[PDB]
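One chain is shown next in structure tokens, namely the form deposited in one PDB entry.
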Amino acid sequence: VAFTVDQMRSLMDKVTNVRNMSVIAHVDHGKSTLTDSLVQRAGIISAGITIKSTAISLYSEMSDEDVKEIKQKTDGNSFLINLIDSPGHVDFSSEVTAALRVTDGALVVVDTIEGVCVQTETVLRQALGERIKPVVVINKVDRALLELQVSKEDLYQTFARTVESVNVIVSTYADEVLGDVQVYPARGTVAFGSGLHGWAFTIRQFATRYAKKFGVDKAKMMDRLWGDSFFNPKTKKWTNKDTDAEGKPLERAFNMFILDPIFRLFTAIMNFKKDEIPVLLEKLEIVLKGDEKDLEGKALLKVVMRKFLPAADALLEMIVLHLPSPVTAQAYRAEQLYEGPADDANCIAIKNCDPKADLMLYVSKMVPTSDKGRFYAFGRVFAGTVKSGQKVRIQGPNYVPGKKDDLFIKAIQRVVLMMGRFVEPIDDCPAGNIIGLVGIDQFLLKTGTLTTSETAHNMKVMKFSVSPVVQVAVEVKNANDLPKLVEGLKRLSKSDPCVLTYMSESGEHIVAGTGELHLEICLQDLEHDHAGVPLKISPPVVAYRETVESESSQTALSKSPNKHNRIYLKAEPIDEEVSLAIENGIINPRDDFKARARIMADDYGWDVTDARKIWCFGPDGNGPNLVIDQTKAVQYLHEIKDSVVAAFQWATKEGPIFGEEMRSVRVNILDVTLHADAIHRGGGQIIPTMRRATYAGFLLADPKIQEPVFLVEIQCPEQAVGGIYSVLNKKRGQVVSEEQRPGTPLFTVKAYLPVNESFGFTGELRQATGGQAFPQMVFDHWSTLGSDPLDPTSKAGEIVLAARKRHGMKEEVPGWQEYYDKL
């Protein structure tokens, strides 16, 4: 249906009638199919800046009698449903949590024949740990009839077992504090149908239908239409005994009143019994129009069933009548979603879904848009009201009410509805609703908390990292498609904040990701969309760091090509603390040099004299590497500063060990001799001089390499936990902690895992746990290898040689003499 902005806001203020929910289903189970049926039936449409579809809005209208069945506060017969997009596979764990966290209900799709698969089971655990209420739909019933050709009782028992498996999971992992959350067909919390053909039903739908033909209230009718209820055809009498007086078998009500009608349509139509179909159709009052009256086989069956039991209706009914509203759910989810005090003014405001309190908006992800390369924030208002122009406290991951770290007090350019692929600007948006924001992508990388109270803590943070720990070289197979790849990378880089595309000195096109899989999907998107050209891709390579462990053995000296200029310097390690402070914005390149020096001096033990003479950071003008001017009375020193900084940018981008970035490297310029005439100390002269002196100084300062390390968090059932440790113990894994969820038998194992040991990790963990483990890993820290990188046999040296060969460099690492002044 098409709505105006006024209408949307109108049914957005009625948060009691909103359903924040997602669809939990395996892709091979027609997840996309059932989602389509929902959109084509209840999808909302607006009365030019497009976005990647992240959420769909649905509108459902019900009767006054229906609204009374809802066991939670309601207002009116209008209902706003937010269908939050879900990942296509479990492996995308971090974003599987992202979706669930902003949803209160979940439509869980299971299979008729295969029942509940391993992954749907795992995701359900997570959804339950998030305190999300489930409603089940048994899909692909079509197959049970057409292929297996099962009997009505056999099909019934199949559903019974399926529902049994689901509730085994539900009663085990659903939190006690939610009450009985198990699903019961007789209660209308389980639907049956076939997404393919587009039909589905609930016991309530058939109960409403027969309610009159039996002079009975809907409640006790659907109570009978499942379980051991039998309507004797001969006596016209209801019974709880599956045999009559003479000992003959009685058919249960489900089989008799629900399955039988459907079974007859399937038989009459697929057997081309042209004389039965008409009689059977009028019986159920299924009227076909013109063209439809000629169809046959599956073509006809599809139209008949679609008109008989529209799938979307059976699903919407459950979603509205049984899924919790923002009001109902936030009352028991708030404590879980707030990283602060339970009785806080803000946590309280979240339980009450208070639209008047200080803002508490959750940004679950950043969405690519058509408005330049900018990203639109996506999330949910858990408290207060978000407004266009409203100034808000952008609280990032590292934020803590104490410090002012990771804090940005900016203004919301625009508040917009995420109508699937399109954007709709609105004045404001009360608590309980899902919404998008404009002008925040430069303050938030992916997730964070927006607040208007300077005493509010972050909301349950989702750990991410932009560190490109894995990368590959991209290369067109046909040299004419080059431009298509160049624009393709420029495109790829824009569709994802955590993807990196750059050119190495040698001119190679590099794509860097946050993990094996993440980089995998990026290369697939590039070769089919962003570029669409046949590409030659080198095997995945891990990103390392080059660093020093001591001060240079001696002063590093280098001379310019024309022999008229000289730079004397020395390299020394920077403390991890300081490197962390730089990487975390505390020590800032853009900061005032005097305010910044105070911090390095007071908080980090730097001579304020040195901290005041920082010439630059690097690489990329902000890395954890520094140049310090410690020269005395050097004439025209400032006239070569731009050149020296430039050299530093290149030197720290690709170090002398094997082309890897530098980290924690301090360079002290001790002395400089220059030609009196500027004509003889331009960029061409100084740049190579500074760069070579740096390499020399580096090589003299006890060279080493650093490897990236993940922090992995694994959810897993007690039984299969043993598989976790089994895998970690052959990948230099290191257990951080092993916590158990109070009631449930769910464990959370945390461990450090070297990134170069993580290739094919989820695959192995999958097997070792029977697919019951739920992995989540983010880059945590860099680790300096003990071994000598210059030794080809040592571990660090083994890495170096392989890489140097791969790059076509001279196998052996150059000595400092190579870059030192030749004399």
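Rigid core here is just the name for the largest C-alpha set that superposes within 1.5 Å across the two forms. Residues carry their position along the shown sequence, with the first being 1.
There is another form of the same protein, the form deposited in another entry; it is not shown, and what comes next is about it.
After superposing on the rigid core, which residue out of 140, 691, 322, 333 has its C-alpha displaced by 2 Å or more between this form and the one not shown? With the rigid core superposed, the residue that stands out is 691.
Core superposition between this form and the one not shown, C-alpha change of residue 197 at least 2 Å: Not so; residue 197 is displaced by less than 2 Å.
Superpose the two forms on their rigid core, then report whether the C-alpha of residue 636 is displaced by 2 angstroms or more between this form and the one not shown. Yes, shifts by 2 Å or more.
Quick one: once the rigid core is lined up, does residue 795 have its C-alpha move by 2 Å or more between this form and the one not shown? True for residue 795: a C-alpha shift of 2 Å or more.
Do residue 105 and residue 770 move together or apart in the other form, judged by C-alpha distance changing 3 Å or more? Closer is correct, given that in the other form the C-alpha spacing of residue 105 to residue 770 is reduced by at least 3 Å.
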